[PDB]
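Scroll down for the structure; my scribbles are underneath it.
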Amino acid sequence: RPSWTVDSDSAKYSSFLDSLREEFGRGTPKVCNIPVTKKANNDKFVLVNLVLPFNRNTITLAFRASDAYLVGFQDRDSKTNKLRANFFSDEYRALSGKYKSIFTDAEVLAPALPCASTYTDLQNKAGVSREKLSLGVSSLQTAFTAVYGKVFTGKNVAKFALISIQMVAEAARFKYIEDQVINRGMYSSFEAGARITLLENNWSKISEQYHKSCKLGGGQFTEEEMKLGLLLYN
């Protein structure tokens, strides 16, 4: 299972991302030597372990395999010390019944999380935009601590989720974003900004072209910005 001890070691971060990318694309050939997701994997998930170096506490993220979309996470209940599965409010009805098939080690199904999985609701609950949310190792460690084993609030959960999406999912999709995290988010914090946010929104459109050519050429975005680490099915 892909795992990353949230720390300032960029080599481990990059290896973690490659492991994650491969999991999304297992089963069929790569394109331009880039893994590709499977459209039929909408009912399959890829688990990711995030571990704090300080106390070794662990939170397991669950991503829908067809589109690398975060649907929830697993941590430990403070009263029973059991592993509990937590799903976003808009994914709970569809996945709660099969919590054990998604979170392999879950011991109990916890109540639905105080927020939804969409970018719109996540930002509303967190009270901050994708563009100015503070990203980086320290930022993620702090958000993690406000969530693991505690009472969940919409804000704490939403913030933790957004930082994780940027540093794990978006970085997996875009080599350019992985590079930004390596250079600006290992020992410090940084904000994604408007251009990177628009780049992220165009994952599907860029992916489409990669299925037709391995050398795209500059357009709305540069060739480097378009260098994908994971392709969407076509």
Side-chain angles (χ1 to χ4, degrees), residues 1-6 10-51 58-74 85 87-88 90-91 94-95 98-99 101-106 117-119 122 130 135 140 160-182 192 196-197 199-214 216 225-234:
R1 183 186 300 176
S3 181
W4 182 42
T5 293
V6 185
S10 73
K12 289 298 182 62
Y13 173 66
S14 288
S15 307
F16 158 68
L17 291 181
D18 277 341
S19 168
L20 178 55
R21 287 156 179 159
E22 293 285 352
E23 288 308 288
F24 283 119
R26 70 182 180 194
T28 69
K30 297 186 176 180
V31 176
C32 301
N33 194 37
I34 303 171
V36 189
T37 66
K38 329 306 175 184
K39 192 170 183 176
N41 278 352
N42 57 298
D43 65 323
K44 268 51 186 174
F45 306 78
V46 176
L47 300 184
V48 166
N49 275 9
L50 291 184
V51 184
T58 301
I59 287 181
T60 303
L61 305 175
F63 295 91
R64 172 163 289 113
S66 62
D67 56 8
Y69 193 86
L70 182 68
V71 302
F73 67 90
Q74 163 191 278
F87 292 106
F88 283 124
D90 60 334
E91 288 287 350
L95 314 179
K98 54 181 290 183
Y99 81 92
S101 83
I102 297 173
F103 287 111
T104 315
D105 309 306
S117 70
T118 55
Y119 264 129
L122 286 175
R130 290 165 67 189
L135 311 175
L140 181 52
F160 168 66
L162 284 170
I163 296 173
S164 292
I165 290 169
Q166 292 276 54
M167 298 178 76
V168 183
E170 302 288 21
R173 293 165 174 144
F174 298 90
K175 292 292 297 177
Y176 187 88
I177 297 179
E178 165 185 8
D179 270 359
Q180 292 296 128
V181 177
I182 293 171
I196 284 176
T197 297
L199 171 61
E200 288 172 352
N201 292 344
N202 282 86
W203 180 42
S204 179
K205 290 181 179 299
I206 294 168
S207 189
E208 291 182 359
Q209 295 310 302
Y210 261 108
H211 278 91
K212 302 189 301 177
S213 176
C214 296
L216 308 211
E225 277 170 340
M226 296 190 282
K227 212 89 191 181
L228 304 182
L230 175 68
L231 300 187
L232 179 72
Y233 52 81
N234 82 320

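All values below were derived from every heavy atom in this structure, side-chain atoms included, with hydrogens, water molecules and symmetry-related copies excluded. Start at 1 with the first residue, then count along the sequence.
- For the pair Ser15 (side chain) and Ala11 (backbone), a donor-acceptor distance under 3.5 Å is present.
- Scanning both residues, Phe174 and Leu199, for their nearest heavy atoms gives CZ-O, 3.3 Å.
- Sparse packing is recorded around NZ of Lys205, with 12 or fewer heavy atoms of other residues, nucleotides or ligands lying under 6.0 Å away.
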- [ ] Starting from the C-alpha separation in whole Å, work towards a yes-or-no answer on side chain to side chain contact (heavy atoms under 4.5 Å, CB included) for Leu135 and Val181.
- [x] CA-CA 8 Å; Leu135 311 175; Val181 177; over 6 Å; no
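- Here the side chain of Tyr69 pairs a donor or acceptor atom with the backbone of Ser117 at under 3.5 angstrom.
- Not a single donor-acceptor pair under 3.5 Å links the side chain of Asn42 to the backbone N or O of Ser66.
- The shortest heavy-atom contact between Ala68 and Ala169 is O-CB, 3.9 Å.
- Under the ring-ring contact (aromatic ring centres under 6.0 Å, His included) test applied with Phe103, the options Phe87, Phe73, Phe45 reduce to a single match, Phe87.
- Atom SG of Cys214 sits about 9.0 Å away from atom CG of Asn33, to the nearest 0.5 Å.
- In this structure, the separation between CD1 on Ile182 and OG on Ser14 is 3.0 Å, given to the nearest 0.5 Å.
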Open item on the list: Before you tell me yes or no, could you show the steps for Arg1 and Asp105 under salt bridge (charged side-chain N to carboxylate O under 4.0 Å, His left out), namely the whole-Å CA-CA distance, both residues' side-chain angles and the distance that decides it to 0.1 Å?
Closed with: CA-CA 12 Å; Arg1 183 186 300 176; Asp105 309 306; 3.1 Å; yes
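- Remark: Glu23 does not engage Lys44 in a salt bridge, criterion side-chain N to carboxylate O under 4.0 Å.
- Between the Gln180 side chain and the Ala192 main chain, no donor and acceptor come within less than 3.5 Å of each other.
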TODO: Step by step, work out the side chain to side chain contact (heavy atoms under 4.5 Å, CB included) result for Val6 and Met167.
DONE: CA-CA 10 Å; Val6 185; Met167 298 178 76; 5.8 Å; no
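- Counting heavy atoms from C-beta on, the side chains of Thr37 and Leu230 come closer than 4.5 Å.
- Between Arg173 and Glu170 a salt bridge is recorded (basic side-chain N to carboxylate O distance below 4.0 Å).
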Open item on the list: As a quick check of understanding, evaluate side chain to side chain contact (heavy atoms under 4.5 Å, CB included) for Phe16 and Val168, giving each step before the final call.
Closed with: CA-CA 9 Å; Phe16 158 68; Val168 183; 3.8 Å; yes
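- Between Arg130 and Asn201 the shortest side-chain heavy-atom distance falls below 4.5 Å.
- Counting heavy-atom neighbours within 6.0 Å of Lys30 NZ, excluding the residue itself, gives a total above 12.
- Taking both residues in full, the closest heavy atoms of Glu200 and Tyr119 are given as OE1-OH, 4.4 Å, listed atom of the first, atom of the second, then distance.
- Here the side chains of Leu95 and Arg64 are in contact, with some heavy-atom distance below 4.5 Å.
- Side-chain N or O atoms of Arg21 include one that pairs as donor or acceptor with a backbone N or O of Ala172 at under 3.5 Å.
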TODO: Could you check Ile59 against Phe160 for side chain to side chain contact (heavy atoms under 4.5 Å, CB included), going step by step and ending with a plain yes or no?
DONE: CA-CA 11 Å; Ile59 287 181; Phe160 168 66; 3.8 Å; yes
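- In this structure the side chain of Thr118 never reaches within 4.5 angstrom of the side chain of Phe88, judged on heavy atoms.
- For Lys38, the NZ atom sits in a packed shell: over 12 heavy atoms of surrounding residues, nucleotides or ligands are nearer than 6.0 Å.
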